[PDB]
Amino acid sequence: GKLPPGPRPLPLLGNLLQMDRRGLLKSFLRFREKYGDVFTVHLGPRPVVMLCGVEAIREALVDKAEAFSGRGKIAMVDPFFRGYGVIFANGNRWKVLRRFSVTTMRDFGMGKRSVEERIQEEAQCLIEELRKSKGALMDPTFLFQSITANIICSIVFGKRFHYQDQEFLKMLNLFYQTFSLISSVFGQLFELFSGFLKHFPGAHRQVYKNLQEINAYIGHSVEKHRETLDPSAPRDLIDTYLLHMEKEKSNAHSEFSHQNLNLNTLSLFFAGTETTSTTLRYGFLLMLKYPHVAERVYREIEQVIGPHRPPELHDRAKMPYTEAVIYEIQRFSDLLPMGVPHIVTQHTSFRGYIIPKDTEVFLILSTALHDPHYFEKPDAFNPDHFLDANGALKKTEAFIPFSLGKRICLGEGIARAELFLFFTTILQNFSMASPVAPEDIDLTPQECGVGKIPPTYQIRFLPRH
């Protein structure tokens, strides 16, 4: 009749003393054992409704999109974004920014390269760089960040950066450290108690600072643009927004403001860069632990593509095994285990409960991705989770690592193309080795909070001969 049941809170502490020391997600999975798929947790002073399992999540995001489509807060970054840019925006602002971002991430103007071609050229730059590494050990993080950030960069700024550019590396380093800090134990505590903790020093200050330092670059670049801007020939997403800006300048309430410009652009870069490269980091750790899988992908690339012709999107249809392996990397690596917080926009009835306007809601995507009815032994890495008996690709409704409904990842098409083309292009040209034997490889995440972040590891890329 009223909110969903959950553990009884204490006045200021909420459900703190019921939480699990290992983190928010562990805490929530234990509540689920007792309360089932829909339950309430008080995270300090706020009740947050948790939805688990694909059936509840889809009922909320799809069948009740008119109520579950608002965006809630990530406390570690709210002080910085303040509801600006498409990820953190609500109401009419979200509408405008979403429609703008969807269009400009897609349509580039006549003469411009498709998404596919941008990724294919980046892949060849990447392959060249790995040949130049000559089998040396590395943590591949920076390169995985380079290649994915360069995709968004080519759309937003109209250029890419060189792998050697230390100033590019420095921004990549700030994205990496920020995503870890946000996912750390402190950042999960900050989620319960930011009203109190914000008054003291902490990781929330370092994140804020990191973000402003990336934002300073974008402001500058915005200005260089607004200086060379030719209304007949827009070069990129920044010009295109400058032109909407000029068109609506007589409306003081125009959503096309400078703050939206900077923070929308920062959002696309942060999301475009950290999500994919984190998935690739996990993916190559997985190939190190399961070399028979990597050997079998390579066999499929030989047969379908060959050793030299560059992979293309058209090849996916014919490579069920590799597609299954990429799906399973995404499913197992469970990048955003609780998704990104939503917030209900109107008073609503859910499975007999009433959820008032403005209640925060977490969609625990991890529970769809590890659902034992769709994935036998869901805690093990196994590409067979996505294959039928005939070795044809088996897609399923439990695979929602981009979420669903109105707020579904807007980068989904790009991300999928990058995973496929980067992963296949690398394996076409290199096998992998490392000093750690497969049975000693530890897949345990280095952080698990808003993001699930793999540990660091060294790898060698060996040219095939």
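Whichever C-alpha set is largest while still superposing within 1.5 Å between the two forms counts as the rigid core. Just count from 1 along the sequence shown to find any residue number.
- The rigid core fit leaves 254-262 as the farther-lying stretch in 7 other deposited structures of this protein, judged by Cα positions and set against 347-355 and 254-262.
- Larger average C-alpha displacement in 7 other deposited structures of this protein, relative to the shown form after a rigid core fit, is seen for 180-188 when comparing 279-287 with 180-188.
- Judged by the one-third criterion across other entries of this protein, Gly306, modelled here, is also modelled in every one of those that cover both its neighbours.
- Compared against other deposited entries of this protein, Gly111 counts as often unmodelled, lacking coordinates in at least a third of those that resolve the residues around it.
- Relative to one another, 214-222 and 278-286 have unequal mean CA B-factors, and 214-222 is the one with the higher figure.
- 148-156 and 193-201 differ in mean CA B-factor, and the higher of the two is recorded for 193-201.
- If you compare the C-alpha temperature factors of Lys394, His342, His370, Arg296 in the entry, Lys394 comes out highest.
- Taking the PDB entry at face value, the top CA B factor among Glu121, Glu246, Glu323, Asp139 belongs to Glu246.
- When all modelled residues of the chain are sorted by CA temperature factor, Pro11 is found within the highest third.
- For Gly70, the recorded CA temperature factor ranks within the middle third of the chain's modelled residues.
- Ranked within its chain, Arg93 lands in the lowest third, by CA B factor from the PDB record.
- In the PDB entry, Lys406 places in the middle third of its chain by CA B-factor.
- In this PDB entry, the Cα temperature factor of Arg331 sits in the bottom third of its chain's modelled residues, the lowest group.
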